[PDB]
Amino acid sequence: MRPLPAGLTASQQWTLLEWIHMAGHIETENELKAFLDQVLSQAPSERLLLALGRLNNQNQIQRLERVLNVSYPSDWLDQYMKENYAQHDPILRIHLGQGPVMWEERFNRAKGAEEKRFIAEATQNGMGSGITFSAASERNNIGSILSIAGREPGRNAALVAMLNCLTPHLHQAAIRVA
């Protein structure tokens, strides 16, 4: 269990309390979508996506089970699927539950030609910067990623900590919904 954040204002603590309280009541994809819209309206980004996947023995996604696009541009998602970017996207190689991953840091490390190509294309599409939070369950070999695109989220330490703490509850909700 990841520890709750220190240093939140009373308003931020209350927001996080409401978020986790609400998350625990989510039963349907309708509700899950509506909740993520609510969370979205609180972050310095307009681009959010949640995905559920089956994991390998190193807690990496080996099969995407469910993708809930909240506000990624549909044309980017179409391209991602059409050009099979799942195979080259460094973000899909994260070891889930190992902490928040800043995209720029991860992208700057990419070695392969195909990965560099993807990064170039993501960058052109406004997806060059962002953060991915994650949670994983041993119970059933399943994990979730919550991705938010943009530079500003990562620069708000409080928001990062809040979203990170919310992520395992979004994971439980996503399992219920699936």
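In case it trips you up, residue 1 is the first one in the sequence shown, and so on.
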- Query: Which of the two stretches, 15-23 or 156-164, shows the higher mean Cα temperature factor in the record?
  - Reply: 156-164
- Looking at the entry, does 134-142 or 107-115 show the higher mean C-alpha B-factor? 107-115
- Message: Quiz for you: based on the deposited Cα B-factor, which of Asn56, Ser129, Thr28, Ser147 is highest?
- Response: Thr28
- Ranked by Cα temperature factor within the chain, is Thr123 in the lowest third, the middle third or the highest third? middle
- Task: Classify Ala6 as lowest, middle or highest third according to the C-alpha B-factor given in the PDB entry, relative to its own chain.
- Result: highest
- In terms of its chain's C-alpha B-factors, the third that includes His88 is the middle
- Could you tell me which third, lowest, middle or highest, the C-alpha B-factor of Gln42 occupies within its chain? highest
- Task: Please rank the C-alpha B-factors of the chain's modelled residues and tell me whether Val177 sits in the lowest, middle or highest third.
- Result: middle
